[PDB]
């Protein structure tokens, strides 16, 4: 693998990216924009218009935050390369999106497990300019603040099937809003085109009961009809979310798909 470390912003929040690091961003950006023109959802494209990201260099977090602040009151928040659940929920609940300030190696161009700066800024930040998606993400952070270990595992699952791997069943066809898909050519092609994979209508109980593995091709995706469908879960009180978590736990998980059974 590779062990990455956040670059430390100077006293102004400035990070000195190298010409090599900018070239890696440029390659990732130009391969992906091409991948998603007719695959990312309309809401995500509108978010790219609002961010107006540089195509040829890694943006300073302040340039992204300026836009997030205008649009939904959010900001990018520089963190170390690994943070715990506690910190993650807390920052989201304060409308601070954690961003580790490193970019992948050349060797790991096609895939890495760690979320790097291209994954966070290209994959997730465009939708944080969308009120529905940003307010949902804020509500998600709140959900986790007083969650037990067991509750946090159900919450991570809701996150996985929405913010990371969410799809839409739109009037113009299947589209993508999950950032895990958006930032990856391999994930985009599989989510859009794989013949046999299960794409199911979103149902919060079904989602909370779905086991998943992070290092396999996903055998199940859930589809909203539009990003604003997240308003329904946004609107639940935390107590309502925990009742749904208690329902999932009491029922136990759905039987795992075969690839999930198999994963180490």
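Numbering follows the first chain given and starts at 1.
- As listed in the deposited structure, the average C-alpha B-factor of 149 to 157 and of 166 to 174 is greater for 149 to 157.
- In this entry, 231 to 239 has the higher mean Cα B-factor, the comparison being between 231 to 239 and 215 to 223.
- Residue 45 sits in the lowest third of its chain by CA B factor, as recorded in the PDB entry.
- When the CA B factors of the chain's modelled residues are split into thirds, the value for residue 125 lands in the lowest one.
- In the PDB entry, a CA B factor belonging to the highest third of its chain's modelled residues is recorded for residue 106.
- Per the PDB record, residue ranking by Cα B-factor puts residue 97 in the lowest third of the chain.
- Per the deposited record, the Cα B-factor of residue 34 falls in the highest third when ranked against the other modelled residues of its chain.
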